[PDB]
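As stored in final_3.csv (CSV, C-alpha atoms and all ligand atoms):
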```
chain,number,residue,atom,x,y,z
A,1,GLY,CA,156.7,61.0,110.0
A,2,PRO,CA,157.0,59.6,106.6
A,3,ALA,CA,157.7,56.5,108.8
A,4,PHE,CA,154.2,56.7,110.3
A,5,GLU,CA,152.7,57.1,106.8
A,6,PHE,CA,154.5,54.0,105.7
A,7,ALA,CA,153.3,52.2,108.9
A,8,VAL,CA,149.6,53.1,108.5
A,9,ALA,CA,149.5,51.7,104.9
A,10,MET,CA,151.5,48.6,106.0
A,11,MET,CA,149.0,47.7,108.7
A,12,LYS,CA,146.0,48.4,106.5
A,13,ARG,CA,147.2,46.2,103.7
A,14,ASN,CA,149.1,43.4,105.5
A,15,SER,CA,148.3,43.2,109.3
A,16,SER,CA,145.5,41.4,111.2
A,17,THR,CA,144.3,40.6,114.7
A,18,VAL,CA,145.0,37.0,115.7
A,19,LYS,CA,143.8,35.1,118.7
A,20,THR,CA,145.4,31.8,119.7
A,21,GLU,CA,144.8,29.5,122.7
A,22,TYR,CA,148.0,31.3,123.8
A,23,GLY,CA,146.6,34.8,123.6
A,24,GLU,CA,146.0,37.7,121.2
A,25,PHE,CA,148.7,38.8,118.7
A,26,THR,CA,149.3,41.0,115.7
A,27,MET,CA,149.9,39.0,112.5
A,28,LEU,CA,152.0,40.3,109.6
A,29,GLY,CA,151.1,39.0,106.2
A,30,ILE,CA,154.3,38.5,104.1
A,31,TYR,CA,153.4,37.2,100.6
A,32,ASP,CA,150.9,34.9,99.0
A,33,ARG,CA,149.2,33.4,102.1
A,34,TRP,CA,152.4,33.1,104.2
A,35,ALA,CA,152.3,35.1,107.4
A,36,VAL,CA,154.4,35.5,110.5
A,37,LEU,CA,153.6,35.3,114.3
A,38,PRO,CA,155.8,35.5,117.3
A,39,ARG,CA,156.8,31.9,118.3
A,40,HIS,CA,155.0,32.0,121.7
A,41,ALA,CA,151.6,32.5,120.1
A,42,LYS,CA,151.8,28.7,119.3
A,43,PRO,CA,149.1,28.6,116.6
A,44,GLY,CA,147.3,25.2,116.2
A,45,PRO,CA,145.6,23.8,113.0
A,46,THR,CA,143.2,26.8,113.4
A,47,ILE,CA,143.5,30.5,114.4
A,48,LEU,CA,141.0,33.3,114.9
A,49,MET,CA,142.1,36.0,112.4
A,50,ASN,CA,140.0,39.1,112.6
A,51,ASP,CA,137.2,37.5,114.8
A,52,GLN,CA,137.1,34.8,112.0
A,53,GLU,CA,138.2,31.2,111.9
A,54,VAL,CA,141.0,30.5,109.5
A,55,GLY,CA,142.8,27.1,109.1
A,56,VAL,CA,146.6,27.0,109.4
A,57,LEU,CA,147.9,24.6,106.7
A,58,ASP,CA,151.5,24.6,107.7
A,59,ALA,CA,153.6,26.1,110.5
A,60,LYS,CA,157.3,26.4,111.0
A,61,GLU,CA,159.0,27.6,114.3
A,62,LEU,CA,162.2,29.1,112.8
A,63,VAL,CA,165.7,28.4,114.1
A,64,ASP,CA,169.2,29.4,113.0
A,65,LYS,CA,171.9,27.0,111.7
A,66,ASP,CA,172.4,25.7,115.3
A,67,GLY,CA,168.8,25.2,116.3
A,68,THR,CA,168.6,28.5,118.2
A,69,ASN,CA,165.3,30.2,118.6
A,70,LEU,CA,164.5,33.0,116.3
A,71,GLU,CA,161.2,33.5,118.0
A,72,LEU,CA,159.3,33.4,114.8
A,73,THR,CA,156.6,31.1,113.5
A,74,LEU,CA,155.8,31.1,109.8
A,75,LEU,CA,152.3,30.0,109.0
A,76,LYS,CA,150.5,29.3,105.7
A,77,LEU,CA,146.8,30.3,105.8
A,78,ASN,CA,143.8,28.6,104.3
A,79,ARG,CA,142.2,31.6,102.8
A,80,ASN,CA,141.7,32.7,99.2
A,81,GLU,CA,143.0,36.3,99.5
A,82,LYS,CA,146.7,36.9,99.0
A,83,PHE,CA,148.8,39.3,101.0
A,84,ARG,CA,150.6,42.0,99.2
A,85,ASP,CA,154.3,40.9,98.8
A,86,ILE,CA,156.2,43.0,101.3
A,87,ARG,CA,159.5,41.1,101.0
A,88,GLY,CA,161.2,44.0,99.2
A,89,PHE,CA,160.7,45.7,102.5
A,90,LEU,CA,162.7,43.1,104.4
A,91,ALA,CA,166.5,43.4,104.8
A,92,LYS,CA,169.0,40.6,104.2
A,93,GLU,CA,170.5,41.5,107.6
A,94,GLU,CA,169.7,43.1,111.0
A,95,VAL,CA,169.1,46.8,110.2
A,96,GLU,CA,169.8,49.4,112.8
A,97,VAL,CA,167.8,52.6,112.8
A,98,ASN,CA,167.8,55.9,114.7
A,99,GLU,CA,164.0,56.2,114.6
A,100,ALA,CA,161.4,53.5,114.4
A,101,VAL,CA,157.6,52.9,114.6
A,102,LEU,CA,156.0,50.0,116.4
A,103,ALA,CA,152.5,49.3,115.1
A,104,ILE,CA,150.0,47.2,117.1
A,105,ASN,CA,146.7,45.8,115.9
A,106,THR,CA,144.8,44.0,118.6
A,107,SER,CA,141.5,44.7,120.5
A,108,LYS,CA,143.6,45.6,123.5
A,109,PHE,CA,145.5,48.1,121.2
A,110,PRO,CA,143.5,48.6,118.0
A,111,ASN,CA,145.4,50.4,115.1
A,112,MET,CA,147.9,52.1,117.4
A,113,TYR,CA,151.4,53.4,116.7
A,114,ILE,CA,154.3,54.1,119.0
A,115,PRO,CA,157.6,55.8,118.3
A,116,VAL,CA,160.3,53.7,120.0
A,117,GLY,CA,163.4,55.8,118.9
A,118,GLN,CA,166.7,54.1,118.5
A,119,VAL,CA,166.6,50.5,117.4
A,120,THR,CA,169.7,48.5,118.3
A,121,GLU,CA,171.2,45.1,117.3
A,122,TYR,CA,171.1,43.6,120.8
A,123,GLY,CA,172.1,40.0,119.7
A,124,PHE,CA,171.3,37.1,122.1
A,125,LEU,CA,168.9,37.2,125.0
A,126,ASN,CA,167.1,34.7,127.2
A,127,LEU,CA,163.4,35.2,126.5
A,128,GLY,CA,160.9,33.1,128.6
A,129,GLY,CA,164.1,31.2,129.6
A,130,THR,CA,164.8,30.4,125.9
A,131,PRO,CA,168.0,31.6,124.3
A,132,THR,CA,167.1,33.8,121.4
A,133,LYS,CA,169.1,35.2,118.5
A,134,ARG,CA,168.7,38.3,116.2
A,135,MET,CA,166.8,40.4,118.7
A,136,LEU,CA,166.3,44.1,117.8
A,137,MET,CA,166.0,46.3,121.0
A,138,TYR,CA,164.4,49.6,121.7
A,139,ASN,CA,163.5,51.6,124.8
A,140,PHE,CA,160.0,50.4,125.4
A,141,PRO,CA,157.9,51.0,128.5
A,142,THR,CA,156.2,47.8,127.6
A,143,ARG,CA,152.9,46.0,128.2
A,144,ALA,CA,151.6,42.5,127.2
A,145,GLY,CA,149.3,42.8,124.1
A,146,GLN,CA,152.0,44.1,121.8
A,147,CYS,CA,153.4,40.8,120.7
A,148,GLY,CA,153.3,40.7,116.9
A,149,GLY,CA,153.6,44.5,116.8
A,150,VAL,CA,155.3,45.4,113.6
A,151,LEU,CA,158.5,47.4,113.9
A,152,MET,CA,159.2,49.7,110.9
A,153,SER,CA,160.9,52.8,109.6
A,154,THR,CA,160.5,54.5,106.3
A,155,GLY,CA,160.5,52.0,103.4
A,156,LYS,CA,161.5,49.4,106.0
A,157,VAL,CA,159.8,46.5,107.8
A,158,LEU,CA,162.4,45.6,110.5
A,159,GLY,CA,160.8,43.0,112.6
A,160,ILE,CA,158.0,41.6,114.8
A,161,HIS,CA,157.7,42.4,118.5
A,162,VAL,CA,158.1,39.3,120.7
A,163,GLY,CA,158.7,40.6,124.3
A,164,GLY,CA,160.0,43.1,126.7
A,165,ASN,CA,161.4,43.5,130.3
A,166,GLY,CA,159.1,46.4,131.5
A,167,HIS,CA,161.6,48.9,130.2
A,168,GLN,CA,162.8,47.5,126.9
A,169,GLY,CA,161.1,45.8,123.9
A,170,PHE,CA,162.5,43.2,121.6
A,171,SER,CA,161.7,42.4,118.1
A,172,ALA,CA,162.6,39.3,116.1
A,173,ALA,CA,164.2,40.7,112.9
A,174,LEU,CA,162.4,39.8,109.7
A,175,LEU,CA,165.0,38.6,107.3
A,176,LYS,CA,164.7,38.3,103.6
A,177,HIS,CA,165.7,34.6,103.3
A,178,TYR,CA,163.2,33.3,105.9
A,179,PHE,CA,160.7,33.7,103.1
A,180,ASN,CA,162.0,32.1,99.9
A,181,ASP,CA,161.3,28.5,100.4
A,182,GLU,CA,159.5,26.8,97.5
A,183,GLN,CA,155.8,27.6,96.7
B,1,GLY,CA,151.9,61.9,108.4
B,2,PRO,CA,153.0,65.5,108.8
B,3,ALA,CA,150.1,65.2,111.3
B,4,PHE,CA,151.9,62.5,113.3
B,5,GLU,CA,155.2,64.6,113.3
B,6,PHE,CA,153.2,67.5,114.7
B,7,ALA,CA,151.6,65.2,117.3
B,8,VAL,CA,154.8,63.7,118.6
B,9,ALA,CA,156.4,67.1,119.2
B,10,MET,CA,153.1,68.3,120.8
B,11,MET,CA,153.0,65.5,123.3
B,12,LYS,CA,156.7,65.8,124.1
B,13,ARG,CA,156.5,69.5,124.8
B,14,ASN,CA,153.0,69.9,126.3
B,15,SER,CA,151.4,66.6,127.5
B,16,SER,CA,151.7,64.7,130.7
B,17,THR,CA,150.3,61.7,132.6
B,18,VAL,CA,147.8,62.7,135.3
B,19,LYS,CA,146.3,60.6,138.0
B,20,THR,CA,143.2,61.7,140.0
B,21,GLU,CA,141.0,60.0,142.6
B,22,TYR,CA,138.8,59.6,139.5
B,23,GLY,CA,141.4,57.8,137.4
B,24,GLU,CA,144.3,58.3,135.0
B,25,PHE,CA,144.2,60.9,132.2
B,26,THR,CA,146.2,62.7,129.7
B,27,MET,CA,146.7,66.4,130.5
B,28,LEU,CA,147.4,69.0,127.8
B,29,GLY,CA,149.4,72.1,128.9
B,30,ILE,CA,148.1,75.2,127.2
B,31,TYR,CA,150.2,78.2,128.2
B,32,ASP,CA,152.0,79.5,131.3
B,33,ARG,CA,150.8,76.9,133.9
B,34,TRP,CA,147.3,76.6,132.7
B,35,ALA,CA,146.3,73.1,131.6
B,36,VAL,CA,143.2,71.2,130.6
B,37,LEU,CA,141.6,68.0,131.7
B,38,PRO,CA,138.4,66.3,130.8
B,39,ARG,CA,135.7,67.3,133.3
B,40,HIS,CA,135.2,63.8,134.7
B,41,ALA,CA,138.7,63.6,135.9
B,42,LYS,CA,137.5,65.9,138.8
B,43,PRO,CA,140.9,67.0,140.1
B,44,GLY,CA,141.2,68.1,143.8
B,45,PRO,CA,143.6,70.6,145.4
B,46,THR,CA,146.4,68.1,144.3
B,47,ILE,CA,147.1,65.9,141.3
B,48,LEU,CA,149.7,63.3,140.5
B,49,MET,CA,151.3,64.6,137.3
B,50,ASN,CA,154.0,62.3,135.9
B,51,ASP,CA,154.2,60.2,139.1
B,52,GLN,CA,154.8,63.4,141.0
B,53,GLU,CA,152.6,65.5,143.3
B,54,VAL,CA,151.6,68.9,142.0
B,55,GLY,CA,149.2,71.3,143.6
B,56,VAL,CA,146.2,72.7,141.7
B,57,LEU,CA,145.8,76.4,142.5
B,58,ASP,CA,142.6,76.9,140.6
B,59,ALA,CA,140.1,74.9,138.7
B,60,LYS,CA,137.2,75.8,136.4
B,61,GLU,CA,134.7,73.3,135.0
B,62,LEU,CA,133.7,75.1,131.7
B,63,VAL,CA,130.2,75.8,130.6
B,64,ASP,CA,128.6,77.6,127.6
B,65,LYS,CA,126.5,80.8,128.0
B,66,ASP,CA,123.5,78.6,129.2
B,67,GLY,CA,125.4,76.6,131.8
B,68,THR,CA,125.7,73.5,129.5
B,69,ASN,CA,128.6,71.2,130.0
B,70,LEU,CA,131.6,71.6,127.8
B,71,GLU,CA,133.3,68.7,129.5
B,72,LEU,CA,136.5,70.6,130.2
B,73,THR,CA,138.2,71.6,133.4
B,74,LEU,CA,140.9,74.3,133.3
B,75,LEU,CA,143.5,74.0,136.0
B,76,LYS,CA,146.3,76.2,137.1
B,77,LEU,CA,149.3,74.3,138.3
B,78,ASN,CA,151.7,75.0,141.2
B,79,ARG,CA,154.9,74.3,139.4
B,80,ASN,CA,157.7,76.6,138.2
B,81,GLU,CA,158.0,75.5,134.6
B,82,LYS,CA,155.8,77.1,132.0
B,83,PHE,CA,154.2,75.2,129.2
B,84,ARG,CA,154.9,76.3,125.7
B,85,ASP,CA,152.0,78.6,124.5
B,86,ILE,CA,150.0,76.4,122.1
B,87,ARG,CA,147.0,78.7,121.7
B,88,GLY,CA,148.0,79.7,118.1
B,89,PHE,CA,147.1,76.1,117.5
B,90,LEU,CA,143.6,76.4,118.8
B,91,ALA,CA,140.7,77.4,116.5
B,92,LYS,CA,138.2,80.1,117.3
B,93,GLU,CA,135.5,77.5,116.3
B,94,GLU,CA,134.8,73.8,115.9
B,95,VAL,CA,137.1,72.6,113.1
B,96,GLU,CA,136.2,69.7,110.9
B,97,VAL,CA,138.9,67.5,109.5
B,98,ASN,CA,139.2,64.6,107.0
B,99,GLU,CA,142.2,63.0,108.9
B,100,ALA,CA,143.1,63.3,112.6
B,101,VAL,CA,145.5,61.9,115.1
B,102,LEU,CA,144.5,61.0,118.6
B,103,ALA,CA,147.5,61.0,121.0
B,104,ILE,CA,147.4,59.3,124.4
B,105,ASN,CA,150.0,59.5,127.2
B,106,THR,CA,149.0,57.3,130.2
B,107,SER,CA,150.7,54.2,131.7
B,108,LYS,CA,147.9,52.2,130.2
B,109,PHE,CA,148.8,53.7,126.8
B,110,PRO,CA,152.2,55.4,127.0
B,111,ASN,CA,153.1,57.7,124.1
B,112,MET,CA,150.7,56.1,121.7
B,113,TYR,CA,149.1,57.5,118.5
B,114,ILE,CA,145.9,56.5,116.7
B,115,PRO,CA,144.7,57.6,113.3
B,116,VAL,CA,140.9,58.3,113.8
B,117,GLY,CA,140.1,59.5,110.2
B,118,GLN,CA,137.2,61.8,109.7
B,119,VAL,CA,136.4,64.3,112.5
B,120,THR,CA,132.8,65.5,112.5
B,121,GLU,CA,131.0,68.4,114.3
B,122,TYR,CA,128.5,66.1,116.2
B,123,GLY,CA,127.0,68.9,118.3
B,124,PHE,CA,125.1,67.9,121.5
B,125,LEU,CA,125.3,64.5,123.2
B,126,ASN,CA,124.3,63.0,126.6
B,127,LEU,CA,127.6,61.8,128.1
B,128,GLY,CA,127.4,60.1,131.5
B,129,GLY,CA,123.8,61.3,131.5
B,130,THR,CA,125.0,64.9,131.2
B,131,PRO,CA,124.1,67.0,128.2
B,132,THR,CA,127.2,68.1,126.5
B,133,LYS,CA,128.0,70.7,123.8
B,134,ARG,CA,130.7,71.1,121.2
B,135,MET,CA,131.6,67.5,120.8
B,136,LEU,CA,133.8,66.4,118.0
B,137,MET,CA,133.2,62.8,116.8
B,138,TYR,CA,135.3,60.2,115.1
B,139,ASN,CA,135.0,56.4,114.4
B,140,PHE,CA,136.8,55.1,117.5
B,141,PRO,CA,136.9,51.5,118.6
B,142,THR,CA,137.3,52.9,122.0
B,143,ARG,CA,138.6,51.9,125.4
B,144,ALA,CA,138.8,53.6,128.8
B,145,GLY,CA,142.2,55.1,129.4
B,146,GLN,CA,142.1,57.5,126.5
B,147,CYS,CA,140.4,60.3,128.3
B,148,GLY,CA,142.5,63.4,127.9
B,149,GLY,CA,143.9,62.0,124.6
B,150,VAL,CA,144.8,65.0,122.4
B,151,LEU,CA,143.0,65.1,119.0
B,152,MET,CA,145.2,66.9,116.3
B,153,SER,CA,145.9,67.4,112.7
B,154,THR,CA,148.7,69.2,111.0
B,155,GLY,CA,149.3,72.6,112.7
B,156,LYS,CA,146.1,71.9,114.6
B,157,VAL,CA,145.1,71.0,118.2
B,158,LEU,CA,141.5,70.2,117.8
B,159,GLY,CA,140.3,69.0,121.2
B,160,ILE,CA,140.6,66.7,124.2
B,161,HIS,CA,139.1,63.1,124.2
B,162,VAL,CA,136.3,62.8,126.8
B,163,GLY,CA,134.4,59.6,126.1
B,164,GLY,CA,133.1,57.0,123.6
B,165,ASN,CA,130.3,54.5,123.1
B,166,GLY,CA,132.4,51.5,122.1
B,167,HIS,CA,132.3,52.4,118.5
B,168,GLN,CA,132.8,56.2,118.5
B,169,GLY,CA,135.0,58.6,120.3
B,170,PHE,CA,134.2,62.2,121.4
B,171,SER,CA,136.4,65.1,122.0
B,172,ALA,CA,135.7,68.4,123.7
B,173,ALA,CA,136.8,71.0,121.2
B,174,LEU,CA,139.6,73.3,122.5
B,175,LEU,CA,138.5,76.8,121.6
B,176,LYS,CA,140.7,79.9,121.6
B,177,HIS,CA,138.6,82.0,123.9
B,178,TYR,CA,138.5,79.4,126.8
B,179,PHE,CA,142.1,80.5,127.4
B,180,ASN,CA,142.2,84.3,127.5
B,181,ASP,CA,141.0,85.2,131.0
B,182,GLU,CA,143.3,87.5,133.0
B,183,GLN,CA,146.8,86.4,134.2
C,201,CL,CL,158.1,43.8,98.1
C,202,CL,CL,150.7,79.5,119.9
```
Render the structure in this file as structure tokens.
Amino acid sequence: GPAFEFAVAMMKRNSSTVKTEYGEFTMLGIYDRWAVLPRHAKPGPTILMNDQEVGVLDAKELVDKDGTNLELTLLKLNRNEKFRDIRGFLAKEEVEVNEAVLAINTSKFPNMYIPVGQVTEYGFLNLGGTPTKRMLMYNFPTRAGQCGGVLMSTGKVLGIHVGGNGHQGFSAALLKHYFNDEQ
Amino acid sequence: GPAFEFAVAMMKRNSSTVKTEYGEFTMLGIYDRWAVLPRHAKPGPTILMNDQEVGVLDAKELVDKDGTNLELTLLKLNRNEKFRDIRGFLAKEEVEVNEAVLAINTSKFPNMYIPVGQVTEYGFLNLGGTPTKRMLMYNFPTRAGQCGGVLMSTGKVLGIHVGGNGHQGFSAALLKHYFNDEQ
């Protein structure tokens, strides 16, 4: 409710439609020109961001201290415009929530919003046969085309949607410290 | 915002997924067991409502005083359960609104919600080559699968989504007097 209001503004300011050779995804702008995609989008030296061709200057598939998959890629974009800094909205740790909003911005699902209800700390999961940490789970009658979906509550950006099993969806949690490094 | 809150509860209480031989649609329950579909869903003596087979006892394609298409079919369902009476939420006339929510409940788009912005009294329109009155229009990067989508604002059920042109969506306005007749 206020969660939706927060979600609409978030998507307007910070989200875009991205196409890779791997498919179409939602991208969440974080700060400066640093943005996040789900890992399986596998962005090359160039992406199509909002039907437009933007260079990717740098890309990091993120891993935990053991080399375990976090399912996020951090990209730096070649574009003049700077995202609003949304890092104050990111927790230092996996946040659980009774009521969330998943926000999708593709051409399959343009500016759409789903209430997913209870968001749980699921932990580990095999996703595309890859062991994956820090998954947030919610009861999600899924469909492909929601990868990159931003999962949110009021005042809170919780994570990025990176898969489902038909009946549940999973988000990679967006943690504060993924987003410090250098300048 | 409060519009979303109103929309979630509306869909929970009063909306369903309907399949006809013409496709899959959202159905809005009005009162008692009277419900509405867009006209082009063309429901037979039976529909599939929420993966389940429900008889249709009676069906009226609605027309204005001239026999012009309103693009709504009113169905009476063979089912024990009674819809909550949402007619207090229906205007006596085409309502214009600065900010609306379109709410879709299919298996293509399950429990999804779109902000459409400004809703305008468009008037007449040829829709599937059929002249159609009392269309409400909004800027809608469309897709098939949203027919029956319920268009709403706060405290207001405005109409039922019955088509688009790629760039705009159209709703048949849900007027108070469509829903009096007898018992
Ligand atoms: Cl911030
Ligand atoms: Cl009422």
Write out as a list in words each polymer residue (protein, DNA or RNA) that has an atom no more than 7 Å from ligand CL 201 (chain C), with all atoms listed in the file counted. residues 85, 86, 87, 88 and 89 of chain A
Using all atoms listed in the file and a distance of at most 7 Å, pull out the residues of chain B that contact chain A, as a ChimeraX atom specification. /B:1-2,4-5,111-114
Which polymer residues have any atom within 10 Å of an atom of residue 145 of chain B, counting all atoms listed in the file, with same-chain residues fewer than 6 positions away left out, as a compact mmCIF listing (two decimals) with C-alpha atoms, in the coordinates of the input?
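The resulting file, selection-v9.txt, is reproduced below:
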```txt
# COMPACT_ATOMS: atom_id res chain seq x y z
CA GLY B 23 141.40 57.80 137.40
CA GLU B 24 144.30 58.30 135.00
CA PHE B 25 144.20 60.90 132.20
CA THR B 26 146.20 62.70 129.70
CA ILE B 104 147.40 59.30 124.40
CA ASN B 105 150.00 59.50 127.20
CA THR B 106 149.00 57.30 130.20
CA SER B 107 150.70 54.20 131.70
CA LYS B 108 147.90 52.20 130.20
CA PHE B 109 148.80 53.70 126.80
CA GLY B 163 134.40 59.60 126.10
```
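With atom CA of residue 80 of chain A on one side and atom CA of residue 11 of chain A on the other, the separation reads 19.2 Å.
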Coordinates-based distance that separates atom CA of residue 48 of chain B from atom CA of residue 169 of chain A (Å, one decimal):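 Pair atom CA of residue 169 of chain A / atom CA of residue 48 of chain B returns 26.7 Å.
Between atom CA of residue 52 of chain A and atom CA of residue 37 of chain A the interatomic distance comes to 16.7 Å.
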Residue nearest ligand CL 202 (chain C) among B:167, B:42, B:156, B:76 (counting all atoms listed in the file):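 Of the candidates, the smallest distance to ligand CL 202 (chain C) is held by B:156.
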Got a sec to check which residues lie within 12 Å of ligand CL 202 (chain C), using only C-alpha atoms and all ligand atoms, and send them as a PyMOL selection string? chain B and resi 10+14+29-32+83-91+155-157+176+179
Could you give me, as an mmCIF file with C-alpha atoms, in the frame of the given file, the residues that sit within 10 Å of (141.3, 83.1, 134.8) in the file's coordinates, counting all atoms listed in the file?
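Once written, part08.cif looks like this:
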```cif
data_model
loop_
_atom_site.group_PDB
_atom_site.id
_atom_site.type_symbol
_atom_site.label_atom_id
_atom_site.label_comp_id
_atom_site.auth_asym_id
_atom_site.auth_seq_id
_atom_site.Cartn_x
_atom_site.Cartn_y
_atom_site.Cartn_z
ATOM 1 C CA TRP B 34 147.300 76.600 132.700
ATOM 2 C CA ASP B 58 142.600 76.900 140.600
ATOM 3 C CA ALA B 59 140.100 74.900 138.700
ATOM 4 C CA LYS B 60 137.200 75.800 136.400
ATOM 5 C CA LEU B 74 140.900 74.300 133.300
ATOM 6 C CA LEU B 75 143.500 74.000 136.000
ATOM 7 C CA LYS B 76 146.300 76.200 137.100
ATOM 8 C CA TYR B 178 138.500 79.400 126.800
ATOM 9 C CA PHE B 179 142.100 80.500 127.400
ATOM 10 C CA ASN B 180 142.200 84.300 127.500
ATOM 11 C CA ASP B 181 141.000 85.200 131.000
ATOM 12 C CA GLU B 182 143.300 87.500 133.000
ATOM 13 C CA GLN B 183 146.800 86.400 134.200
#
```
Pick from A:50, A:171, A:165, A:69: nearest to residue 94 of chain A, with all atoms listed in the file counted? A:171
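Comparing A:122, A:33, A:71, A:62 by their smallest distance to residue 96 of chain A, the closest is A:122 (using all atoms listed in the file).
Among the candidate residues B:27, B:132, B:119, B:43, the one lying nearest to residue 64 of chain B is B:132, with distances computed using only C-alpha atoms.
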